[PDB]
Structure formats: C-alpha cells, structure tokens
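Peer 1: Data: entry_22.txt, compact mmCIF, C-alpha atoms.
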```txt
# COMPACT_ATOMS: atom_id res chain seq x y z
CA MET A 1 208.02 -147.54 -126.19
CA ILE A 2 211.70 -147.62 -125.16
CA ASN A 3 212.92 -151.06 -126.16
CA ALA A 4 214.58 -152.68 -123.10
CA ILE A 5 215.52 -156.02 -121.78
CA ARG A 6 215.58 -157.47 -118.32
CA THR A 7 218.39 -159.57 -116.73
CA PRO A 8 217.19 -163.07 -115.65
CA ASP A 9 216.71 -163.10 -111.90
CA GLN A 10 218.79 -166.30 -111.81
CA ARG A 11 221.93 -164.20 -112.51
CA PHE A 12 221.76 -162.84 -108.99
CA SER A 13 221.28 -166.09 -107.10
CA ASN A 14 224.75 -166.40 -105.68
CA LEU A 15 225.67 -162.78 -104.85
CA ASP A 16 228.38 -162.34 -102.17
CA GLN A 17 227.60 -159.99 -99.31
CA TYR A 18 224.35 -158.84 -100.90
CA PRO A 19 221.38 -159.77 -98.61
CA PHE A 20 219.28 -156.79 -99.48
CA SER A 21 215.72 -157.35 -100.73
CA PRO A 22 214.65 -155.90 -103.96
CA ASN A 23 212.20 -153.04 -104.39
CA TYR A 24 210.97 -152.07 -107.85
CA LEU A 25 209.01 -149.24 -109.47
CA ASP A 26 207.63 -149.56 -113.02
CA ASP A 27 205.39 -146.51 -112.96
CA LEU A 28 207.82 -143.63 -113.20
CA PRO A 29 206.53 -140.58 -115.05
CA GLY A 30 208.55 -140.44 -118.35
CA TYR A 31 209.76 -144.07 -118.08
CA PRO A 32 206.64 -146.14 -119.02
CA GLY A 33 206.99 -149.88 -118.75
CA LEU A 34 210.66 -149.66 -117.52
CA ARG A 35 211.26 -151.25 -114.12
CA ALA A 36 213.83 -149.70 -111.76
CA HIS A 37 215.42 -151.61 -108.85
CA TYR A 38 216.38 -149.87 -105.53
CA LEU A 39 217.41 -150.90 -102.01
CA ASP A 40 215.47 -149.32 -99.11
CA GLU A 41 217.22 -150.34 -95.92
CA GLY A 42 216.90 -149.28 -92.26
CA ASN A 43 213.85 -147.59 -90.68
CA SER A 44 211.56 -146.36 -93.40
CA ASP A 45 210.27 -143.69 -91.07
CA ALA A 46 213.77 -142.40 -90.28
CA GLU A 47 214.14 -138.67 -90.32
CA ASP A 48 217.45 -139.04 -92.25
CA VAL A 49 217.66 -140.67 -95.69
CA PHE A 50 221.05 -141.53 -97.33
CA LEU A 51 220.65 -141.56 -101.15
CA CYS A 52 223.49 -143.68 -102.56
CA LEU A 53 224.23 -143.15 -106.26
CA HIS A 54 226.48 -145.47 -108.20
CA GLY A 55 228.52 -144.85 -111.33
CA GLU A 56 230.23 -146.61 -114.28
CA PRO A 57 230.09 -149.61 -114.64
CA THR A 58 228.68 -150.64 -111.28
CA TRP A 59 225.38 -150.98 -109.37
CA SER A 60 224.04 -150.72 -105.84
CA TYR A 61 226.22 -153.75 -105.09
CA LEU A 62 228.94 -151.18 -104.80
CA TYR A 63 227.57 -149.67 -101.59
CA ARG A 64 227.20 -153.03 -99.86
CA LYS A 65 229.74 -152.26 -97.10
CA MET A 66 228.38 -148.74 -96.43
CA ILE A 67 224.72 -149.61 -96.36
CA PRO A 68 224.71 -151.36 -92.96
CA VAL A 69 226.77 -148.69 -91.31
CA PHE A 70 224.26 -146.06 -92.28
CA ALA A 71 221.30 -148.23 -91.40
CA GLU A 72 222.73 -149.08 -87.93
CA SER A 73 222.92 -145.34 -87.30
CA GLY A 74 219.12 -145.04 -87.50
CA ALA A 75 218.94 -143.85 -91.07
CA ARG A 76 216.90 -144.95 -94.07
CA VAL A 77 219.20 -145.85 -96.96
CA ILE A 78 218.11 -145.65 -100.60
CA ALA A 79 220.33 -147.00 -103.32
CA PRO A 80 218.94 -147.23 -106.79
CA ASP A 81 220.30 -149.00 -109.83
CA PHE A 82 220.33 -146.76 -112.96
CA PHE A 83 218.45 -148.04 -115.99
CA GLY A 84 221.03 -150.09 -117.88
CA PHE A 85 222.57 -151.44 -114.63
CA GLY A 86 222.16 -153.84 -111.75
CA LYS A 87 218.60 -155.12 -111.52
CA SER A 88 216.87 -152.28 -113.37
CA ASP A 89 215.80 -152.85 -116.98
CA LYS A 90 218.29 -151.98 -119.72
CA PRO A 91 217.33 -150.03 -122.84
CA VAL A 92 218.93 -151.71 -125.80
CA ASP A 93 220.01 -148.65 -127.88
CA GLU A 94 222.93 -146.47 -126.75
CA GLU A 95 221.04 -143.53 -128.15
CA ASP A 96 218.38 -143.74 -125.35
CA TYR A 97 220.84 -142.90 -122.73
CA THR A 98 221.57 -139.25 -122.22
CA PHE A 99 222.58 -137.06 -119.25
CA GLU A 100 219.00 -135.85 -118.84
CA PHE A 101 217.44 -139.33 -119.27
CA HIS A 102 219.35 -140.48 -116.16
CA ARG A 103 218.96 -137.13 -114.44
CA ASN A 104 215.23 -137.11 -114.80
CA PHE A 105 214.97 -140.68 -113.57
CA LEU A 106 216.52 -139.43 -110.35
CA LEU A 107 214.19 -136.50 -109.83
CA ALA A 108 211.31 -138.81 -110.64
CA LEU A 109 212.55 -141.32 -108.00
CA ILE A 110 212.95 -138.60 -105.37
CA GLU A 111 209.44 -137.27 -106.05
CA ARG A 112 207.84 -140.77 -106.06
CA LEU A 113 209.30 -141.84 -102.74
CA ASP A 114 209.02 -138.27 -101.39
CA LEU A 115 212.51 -138.35 -99.84
CA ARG A 116 213.49 -135.54 -97.52
CA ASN A 117 216.38 -134.84 -95.13
CA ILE A 118 218.69 -136.32 -97.78
CA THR A 119 222.33 -137.00 -97.31
CA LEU A 120 223.59 -137.35 -100.86
CA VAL A 121 226.27 -140.06 -101.26
CA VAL A 122 228.05 -139.78 -104.61
CA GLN A 123 230.92 -140.96 -106.69
CA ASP A 124 231.72 -140.97 -110.46
CA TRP A 125 228.63 -140.83 -112.53
CA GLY A 126 226.61 -140.90 -109.43
CA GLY A 127 228.22 -137.53 -108.65
CA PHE A 128 228.22 -136.09 -112.17
CA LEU A 129 224.43 -136.49 -112.05
CA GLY A 130 223.85 -136.18 -108.36
CA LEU A 131 225.67 -132.86 -107.80
CA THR A 132 223.07 -131.33 -110.15
CA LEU A 133 220.02 -132.40 -108.13
CA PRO A 134 220.03 -130.13 -105.05
CA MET A 135 219.49 -126.92 -107.13
CA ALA A 136 216.22 -128.39 -108.37
CA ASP A 137 214.65 -128.59 -104.90
CA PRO A 138 217.05 -127.49 -102.23
CA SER A 139 214.68 -127.98 -99.30
CA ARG A 140 215.02 -131.74 -99.70
CA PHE A 141 218.85 -131.89 -99.31
CA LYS A 142 220.73 -131.48 -96.09
CA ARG A 143 224.13 -133.20 -96.25
CA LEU A 144 226.64 -134.44 -98.85
CA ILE A 145 229.16 -137.22 -98.83
CA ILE A 146 231.48 -136.82 -101.81
CA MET A 147 233.95 -139.44 -103.08
CA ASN A 148 236.02 -139.08 -106.40
CA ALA A 149 233.72 -137.13 -108.79
CA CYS A 150 233.21 -133.58 -110.18
CA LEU A 151 230.97 -131.70 -112.53
CA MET A 152 230.91 -132.20 -116.31
CA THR A 153 231.24 -128.49 -117.07
CA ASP A 154 233.00 -127.06 -120.23
CA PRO A 155 236.80 -127.05 -120.45
CA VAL A 156 237.11 -123.30 -119.97
CA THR A 157 235.08 -122.64 -116.82
CA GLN A 158 236.79 -125.58 -115.14
CA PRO A 159 239.89 -127.05 -116.83
CA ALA A 160 240.45 -129.57 -114.02
CA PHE A 161 237.16 -131.35 -115.00
CA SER A 162 238.22 -131.80 -118.58
CA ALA A 163 241.99 -132.37 -118.45
CA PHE A 164 241.83 -135.99 -117.08
CA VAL A 165 240.14 -137.09 -120.34
CA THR A 166 243.33 -136.63 -122.39
CA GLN A 167 245.97 -137.31 -119.75
CA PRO A 168 247.44 -139.53 -118.59
CA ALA A 169 247.34 -142.32 -121.25
CA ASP A 170 246.86 -144.97 -118.51
CA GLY A 171 243.98 -142.90 -116.95
CA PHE A 172 240.63 -142.07 -118.48
CA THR A 173 241.97 -143.06 -121.96
CA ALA A 174 242.73 -146.57 -120.81
CA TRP A 175 239.47 -146.84 -118.89
CA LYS A 176 237.40 -145.80 -121.87
CA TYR A 177 239.36 -148.01 -124.30
CA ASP A 178 238.72 -150.97 -121.95
CA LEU A 179 234.97 -150.25 -121.86
CA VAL A 180 233.83 -149.20 -125.36
CA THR A 181 236.20 -151.20 -127.54
CA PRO A 182 235.92 -154.84 -126.78
CA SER A 183 233.25 -156.75 -128.52
CA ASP A 184 233.39 -159.26 -125.62
CA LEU A 185 233.48 -157.05 -122.56
CA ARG A 186 233.84 -159.00 -119.35
CA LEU A 187 233.03 -156.70 -116.37
CA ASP A 188 234.55 -159.09 -113.80
CA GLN A 189 238.05 -158.87 -115.47
CA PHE A 190 237.65 -155.09 -116.03
CA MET A 191 236.79 -154.66 -112.31
CA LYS A 192 239.72 -156.75 -111.13
CA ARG A 193 241.97 -154.41 -113.05
CA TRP A 194 240.55 -151.15 -111.82
CA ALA A 195 239.82 -152.47 -108.25
CA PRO A 196 242.71 -154.84 -107.55
CA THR A 197 241.57 -155.82 -104.02
CA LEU A 198 238.23 -157.27 -105.06
CA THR A 199 237.99 -161.01 -104.54
CA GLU A 200 236.81 -163.17 -107.37
CA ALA A 201 233.34 -163.39 -105.83
CA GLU A 202 232.94 -159.61 -105.69
CA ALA A 203 234.27 -159.29 -109.24
CA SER A 204 231.68 -161.70 -110.61
CA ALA A 205 228.91 -159.74 -108.80
CA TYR A 206 229.71 -156.75 -111.09
CA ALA A 207 229.36 -158.91 -114.19
CA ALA A 208 226.17 -160.47 -112.89
CA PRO A 209 223.88 -157.98 -114.50
CA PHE A 210 225.15 -158.53 -118.07
CA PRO A 211 224.77 -162.04 -119.48
CA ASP A 212 226.02 -160.83 -122.89
CA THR A 213 226.80 -157.60 -124.80
CA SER A 214 223.11 -156.93 -125.66
CA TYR A 215 222.63 -155.99 -122.05
CA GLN A 216 225.50 -153.43 -122.01
CA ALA A 217 224.30 -150.42 -124.06
CA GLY A 218 224.28 -148.21 -120.97
CA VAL A 219 227.70 -149.46 -119.98
CA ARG A 220 229.11 -148.42 -123.42
CA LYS A 221 227.46 -144.96 -123.41
CA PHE A 222 228.73 -143.47 -120.07
CA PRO A 223 232.35 -143.13 -121.12
CA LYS A 224 231.30 -141.51 -124.33
CA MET A 225 229.23 -138.90 -122.57
CA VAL A 226 232.32 -137.92 -120.51
CA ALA A 227 234.27 -137.37 -123.63
CA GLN A 228 231.43 -135.73 -125.64
CA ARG A 229 229.42 -133.41 -123.39
CA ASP A 230 226.01 -132.44 -125.04
CA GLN A 231 224.83 -128.86 -124.40
CA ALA A 232 222.22 -129.51 -121.72
CA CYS A 233 224.85 -131.28 -119.57
CA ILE A 234 227.25 -128.36 -119.79
CA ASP A 235 224.56 -125.80 -118.97
CA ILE A 236 223.22 -128.03 -116.21
CA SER A 237 226.62 -128.75 -114.58
CA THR A 238 227.67 -125.09 -114.94
CA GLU A 239 224.65 -123.82 -113.12
CA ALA A 240 225.32 -126.36 -110.34
CA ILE A 241 228.75 -124.85 -109.71
CA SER A 242 226.92 -121.68 -108.71
CA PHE A 243 224.67 -123.71 -106.35
CA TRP A 244 227.52 -125.34 -104.42
CA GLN A 245 229.53 -122.10 -104.21
CA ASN A 246 226.78 -119.64 -103.08
CA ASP A 247 223.60 -121.55 -102.14
CA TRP A 248 224.65 -124.63 -100.34
CA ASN A 249 224.49 -124.32 -96.53
CA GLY A 250 224.60 -128.00 -95.60
CA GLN A 251 227.21 -130.19 -93.95
CA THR A 252 229.68 -131.86 -96.27
CA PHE A 253 232.10 -134.72 -95.90
CA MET A 254 234.75 -135.41 -98.61
CA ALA A 255 236.80 -138.61 -99.06
CA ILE A 256 239.44 -138.99 -101.79
CA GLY A 257 240.82 -142.28 -103.20
CA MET A 258 244.53 -141.28 -103.62
CA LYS A 259 245.45 -143.93 -106.11
CA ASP A 260 242.82 -142.79 -108.59
CA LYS A 261 244.17 -142.05 -112.08
CA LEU A 262 240.92 -140.48 -113.28
CA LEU A 263 239.32 -138.28 -110.53
CA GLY A 264 242.03 -138.10 -107.83
CA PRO A 265 243.54 -135.15 -105.99
CA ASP A 266 243.93 -132.93 -109.09
CA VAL A 267 240.16 -133.00 -109.62
CA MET A 268 239.12 -133.20 -105.83
CA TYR A 269 241.02 -130.23 -104.47
CA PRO A 270 239.38 -128.07 -107.05
CA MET A 271 235.97 -129.45 -106.20
CA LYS A 272 236.58 -128.84 -102.55
CA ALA A 273 237.05 -125.11 -103.25
CA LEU A 274 233.73 -124.93 -105.03
CA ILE A 275 231.62 -126.40 -102.33
CA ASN A 276 230.84 -123.83 -99.71
CA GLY A 277 231.82 -125.10 -96.27
CA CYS A 278 233.60 -128.25 -97.44
CA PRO A 279 236.13 -129.24 -94.77
CA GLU A 280 239.56 -130.93 -94.88
CA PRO A 281 239.23 -134.13 -96.89
CA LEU A 282 239.82 -137.59 -95.66
CA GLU A 283 242.55 -138.98 -97.95
CA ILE A 284 242.49 -142.75 -98.24
CA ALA A 285 245.99 -143.83 -99.37
CA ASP A 286 245.16 -147.41 -100.58
CA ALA A 287 241.95 -146.52 -102.40
CA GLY A 288 241.54 -146.27 -106.14
CA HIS A 289 238.53 -144.92 -108.11
CA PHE A 290 236.03 -147.12 -106.35
CA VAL A 291 236.49 -145.62 -102.82
CA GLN A 292 233.38 -147.55 -101.77
CA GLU A 293 235.47 -150.59 -101.74
CA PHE A 294 236.98 -149.08 -98.54
CA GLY A 295 233.46 -147.87 -97.59
CA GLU A 296 233.06 -148.98 -93.95
CA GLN A 297 235.73 -146.45 -93.01
CA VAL A 298 234.26 -143.65 -95.11
CA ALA A 299 230.77 -144.35 -93.79
CA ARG A 300 231.96 -144.33 -90.09
CA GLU A 301 234.09 -141.22 -90.46
CA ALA A 302 231.34 -139.32 -92.19
CA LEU A 303 228.73 -140.09 -89.50
CA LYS A 304 231.40 -139.25 -86.94
CA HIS A 305 231.92 -135.82 -88.66
CA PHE A 306 228.23 -135.11 -89.02
CA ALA A 307 227.59 -135.97 -85.34
CA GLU A 308 230.03 -133.49 -84.06
CA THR A 309 227.35 -131.07 -85.48
CA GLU A 310 223.81 -132.00 -84.24
```
Re-express the file's structure as structure tokens.
Peer 2:
Amino acid sequence: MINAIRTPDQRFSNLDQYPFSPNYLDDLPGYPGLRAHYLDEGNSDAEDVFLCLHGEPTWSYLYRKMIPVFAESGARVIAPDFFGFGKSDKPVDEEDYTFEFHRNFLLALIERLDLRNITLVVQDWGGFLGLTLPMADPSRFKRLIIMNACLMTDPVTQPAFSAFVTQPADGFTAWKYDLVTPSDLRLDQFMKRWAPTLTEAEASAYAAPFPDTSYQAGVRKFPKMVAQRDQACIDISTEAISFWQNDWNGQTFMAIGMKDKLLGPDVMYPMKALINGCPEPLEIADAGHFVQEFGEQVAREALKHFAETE
C-alpha cells in the first residue's frame, strides 16, 4: 500500500561494535506490510525499560555504547529503527513521511510490546517526536534522559526552538544543505564531518543502510520538516510543553553536547526550564550533536543520578 524497499541484509555483515540480534515486527496497526527493526537487550522481564530513540540521519547503531551499560544495570533496552532508517523498511516517496507517521509508529510500538516503567532516552528527532509521547499515556513513563533536542513548537511560543534554523550559517543551514542537496549523498563522509571522532569503521556503519539514493527518502525529509513545520506538529509539540511544565513528576537527567552548532546550550537551557524538576545538566565539553558518541559516560552518570533516588 505504502511503496517501500528493504536494504539487503548483506549490507550489515561487517558492522563494528554491533553484536545485537535483530527483532522485527511487520504487523503494526496503520503500517501494513512494513517491517520495523528494533533491539531488545537485557532481561525481557525487567521492571525498567529504556526506550532509545534515534534521530537524523542515524539508526540504533548510534546507541551501541549506551546499550550495554543499561543492560548491565538490570534493565530491558529497546531501540527501534524508524521506517526509512537502519534495518527497518524505507518508504520510497518523501511525501509518506510526516511528523505523525513517525509519531504513530512509536505509539503503535509501545502498545504492541506493552512497555511500562519507561525511561525515555532521546536526542534530535528522537526527542522532537519522543517528548510528545508521555502526554498520550503518562502512566507508562517514569524517567527521561535528554540529550541535545527540543520541541518543534511555533516561533512565537518558543523562539529558541526556531532561531537555530536561520543562524548560524555553519549550523542548521549547513547541515540541511549537506543532507538535501547532493544527488550523491554519502552518509559516511557526512558523519565524519559532523562527528569528527568517529573511526572509519563507525562512519561506514551509518552509510550501511543506504546502498543508493533510492533508499534515502526518509533521510531527505527530516531536515525539511524542521524547516517547514505542518500544523499538527506545532499543535502537538505545543501541547507537550504544557505536559513537561505542569504534569511531569518523573526523574530527569539532562546531558548537553557543548560543541553542538544546532541544539547546544542556547536551546538546552531553555528546555531545562520547561521540564518540571529537571536538575543541573551534565555538560560534555568535547561532544558535538551526536552526544551518544560519548554515551558510556552519559549512560553511567544517568544511572548514577537515578540511583541516588530509589
């Protein structure tokens, strides 16, 4: 019904530091015939579940250094790959991807696996989407781990969540230009630019999912939805502000990648004020946009923070 293609399994043969077994679901309600890939690590009967959401233009591969720290703590870790990324199937038309299409996939996933006692782990698009999930069923969420992200509200209600789009020129403008303009987009070279510490092996793991441009419709669409917020997204993200400010009663841990040009300190401090009970943030000086690349530290510190409250 929704024309999609699937990445040949062979593309993932030689992944570096990725020993996690695949789990798939192809019976989601609303997503008929589309297969979703997710990691389900640690004790599947754990009381605590960490739901790790990725963003643009990555995949679960991005949480590979956090996963084992969470799992060794006794938790069940879930890390899905959004349609269009990693090992999930990729709709071929950029028009199929919308804020709600990915949002609904997430609610569908949570219902299907019946996840409870969730510690939400977000960043980038994983947070734009993820920060709007607790208000739909608050009883299932208990903690939040937030890395560089915010809500895609309208420019007036929150100017900090709009300003980064236009400035600086080497910030979101450069990122977007790099992503939606080349006709021969190489995600390994893009990653090495925006995540300078990656090795060549890690870099290639982010290009693994896309053998050629036909597979990258979802990759091309994310940047454009940041820049051109559809109504439902604005209403949805605006009502979530209300949720974090007055309804949230959970424990929160915030980590900021200080070298980020897009969603750094000028976007994080304002987020921090909006989340009821958010404590002092852990600032990671050598981290860029992809804070997960310095994940072992973030994962340990967060469990250390959450422990000193149990």
Peer 1: Which neighbours of range 210-212 of chain A fall inside 10 Å, counting only C-alpha atoms, when residues of the same chain fewer than 3 positions from it are skipped, and could you give them as number ranges by chain?
Peer 2: A: 6-8, 11, 84-87, 90, 184-187, 206-207, 215-216, 219
Peer 1: Show which residues sit within 10 Å of residue 68 in chain A, as a PyMOL selection string. Count all atoms listed in the file, and ignore same-chain residues fewer than 3 positions away.
Peer 2: chain A and resi 41-42+63-65+71-73+75+77+296+299
Peer 1: When you count only C-alpha atoms, which of these residues is closest to residue 298 in chain A: A:160, A:147, A:169, A:179?
Peer 2: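 For residue 298 in chain A, the nearest of the given residues is A:147.
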Peer 1: Please list as a list in words every residue within 9 Å of residue 47 in chain A, counting all atoms listed in the file and excluding residues in the same chain fewer than 6 positions away.
Peer 2: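 Listing them by chain and then by number gives residues 74, 75, 76, 116 and 117 of chain A.
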Peer 1: So which residues touch residue 271 in chain A within 7 Å, counting only C-alpha atoms, skipping near sequence neighbours fewer than 4 positions away, as a tab-separated table (two decimals) with C-alpha atoms, keeping the file's coordinate frame?
Peer 2:
```tsv
chain	number	residue	atom	x	y	z
A	150	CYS	CA	233.21	-133.58	-110.18
A	267	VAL	CA	240.16	-133.00	-109.62
A	275	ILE	CA	231.62	-126.40	-102.33
```
Peer 1: Would you mind listing what lies within 10 Å of residue 261 in chain A as a ChimeraX atom specification, with all atoms listed in the file counted and same-chain residues fewer than 6 positions away left out?
Peer 2: /A:164,167-172,174-175,194,288-289
Peer 1: Just give me the gap between CA of residue 208 in chain A and CA of residue 122 in chain A in Å, one decimal is fine.
Peer 2: 22.4 Å
Peer 1: Suppose you want the space between CA of residue 52 in chain A and CA of residue 38 in chain A; what is it in Å?
Peer 2: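 If I compute the distance from CA of residue 52 in chain A to CA of residue 38 in chain A, I get 9.9 Å.
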Peer 1: How close does range 286-305 of chain A get to range 131-144 of chain A? List, as CSV, each residue of range 286-305 of chain A within 12 Å, its nearest atom pair and the distance in Å to one decimal, counting all atoms listed in the file.
Peer 2:
```
residue,atom,partner,partner_atom,distance
A:299,CA,A:144,CA,11.9
A:302,CA,A:144,CA,9.5
A:303,CA,A:143,CA,10.7
A:305,CA,A:143,CA,11.2
```
Peer 1: Can you measure CA of residue 24 in chain A to CA of residue 67 in chain A for me? One decimal in Å is fine.
Peer 2: 18.1 Å
Peer 1: So, with only C-alpha atoms as the atoms that count, which of A:46, A:1, A:258, A:234 lies closest to residue 32 in chain A?
Peer 2: A:1
Peer 1: With only C-alpha atoms as the basis for distance, which of A:226, A:5, A:156, A:254 is at the shortest distance from residue 120 in chain A?
Peer 2: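 The shortest atom-to-atom distance to residue 120 in chain A comes from A:254.
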Peer 1: Pick out the closest residue to residue 17 in chain A from this set: A:107, A:205, A:291, A:39. Count all atoms listed in the file.
Peer 2: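 The answer is A:205, which sits nearest to residue 17 in chain A.
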Peer 1: Looking at all atoms listed in the file, which of A:214, A:3, A:60, A:276 is the one that sits closest to residue 21 in chain A?
Peer 2: A:60
Peer 1: Would you please work out which residue, of A:304, A:192, A:102, A:272, is nearest to residue 290 in chain A when using only C-alpha atoms?
Peer 2: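 The shortest atom-to-atom distance to residue 290 in chain A comes from A:192.
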